[PDB]
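First, one chain by itself: the form deposited in one PDB entry, in structure tokens.
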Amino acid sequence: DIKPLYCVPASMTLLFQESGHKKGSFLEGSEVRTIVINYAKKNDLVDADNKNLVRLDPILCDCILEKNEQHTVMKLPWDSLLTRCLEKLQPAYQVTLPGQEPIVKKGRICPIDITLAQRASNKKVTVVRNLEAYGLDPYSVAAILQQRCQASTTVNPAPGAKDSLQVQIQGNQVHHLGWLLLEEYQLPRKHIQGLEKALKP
């Protein structure tokens, strides 16, 4: 139940101007499609000889083409035009947690990762990355899990490129994350990695 969205970047503002959507507006794919189709129709861009094709105007050339060769009409089929527009838009998505207003996020959807690891020769820990991508506060999750698991939790920087926090829980707690994420927060299973390593269903 996460909803994909598209965010209008500065480079595409002239395309979206007539539809009334500014830099930073969030749109569903179906809305982008309507807007782009209307732009082509309103600006008389449909190829008269082949109505499967759209002749790109300078605005479209500028914001979806890498190179605009001079004295050459650039034509794209409708579906290619729409695909390129969607690709050039910024990826985004919307998460709705139970009992709360929806939360918009910029970026590609990344999974929550739940991993078992060794902290010592025989001390297993559970490490949970990308909670914030789903609007979850690692400190809150850590507190909930410390009670649910009856095991110490900590919050630390997650190693890697992204400036994000991870939750660590002492012991093997993957099954408790299944409860928390799938049952309590109703998050989609397809966006969680590591639950298959739990002790039990």
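Here the rigid core means the biggest group of C-alpha atoms that line up within 1.5 Å when the two forms are laid on top of each other. Start at 1 and count along the sequence shown; that's the residue number.
A.B. asks: Is the mean CA B factor in the deposited entry higher across 83-91 or across 113-121?
C.D. replies: Higher mean C-alpha B-factor: 113-121.
A.B. asks: When the C-alpha temperature factors are averaged for each of 131-139 and 147-155, which stretch ends up with the higher value in the entry?
C.D. replies: Higher mean C-alpha B-factor: 147-155.
A.B. asks: Which listed residue, 48, 54, 167, 32, has the largest C-alpha temperature factor in the record?
C.D. replies: Reading the PDB entry, the winner on C-alpha B-factor is 48.
A.B. asks: Comparing residue 103 with the other modelled residues of its chain, is its CA B-factor in the lowest, middle or highest third?
C.D. replies: Lowest third.
A.B. asks: Splitting the chain's C-alpha B-factors into thirds, which one does residue 74 fall into?
C.D. replies: Within its chain, residue 74 is a middle-third residue by C-alpha B-factor, going by the deposited values.
A.B. asks: How does residue 13 rank on Cα B-factor within its chain, lowest, middle or highest third?
C.D. replies: Its C-alpha B-factor, which the entry lists for residue 13, ranks in the highest third among residues of this chain.
A.B. asks: Would you mind ranking residue 59 by its C-alpha B-factor against the rest of the chain and naming the third, lowest, middle or highest?
C.D. replies: Answer is highest: the recorded C-alpha B-factor places it there.
A.B. asks: Taking the values exactly as deposited, rank residue 186 by C-alpha B-factor within its chain and report the matching third: lowest, middle or highest.
C.D. replies: For residue 186, the deposited C-alpha B-factor lands in the middle third.
The protein also exists as the form deposited in another entry; that form is not presented, and the subsequent description refers to it.
A.B. asks: Determine, with the core as the superposition reference, the one member of 68, 172, 38, 140 that shifts its CA by 2 Å or more between the shown form and the other one.
C.D. replies: It is 68; the other listed residues stay below 2 Å.
A.B. asks: Once you overlay the rigid core, does the Cα of residue 119 travel 2 Å or further between the shown form and the other one?
C.D. replies: Where the cores coincide, residue 119 still shows a C-alpha shift between the shown form and the other one that is 2 Å or more.
A.B. asks: Do the C-alpha atoms of residue 70 and residue 36 sit closer or farther apart in that other deposited form than they do here, given a shift of 3 Å or more?
C.D. replies: Closer together, by at least 3 Å.
A.B. asks: Relative to what we see here, could you say if residue 163 and residue 86 have their Cα atoms closer or farther apart in that other deposited form, with a change of 3 Å or more?
C.D. replies: Between the C-alphas of residue 86 and residue 163, the gap widens in that other deposited form (3 Å or more compared with this form).
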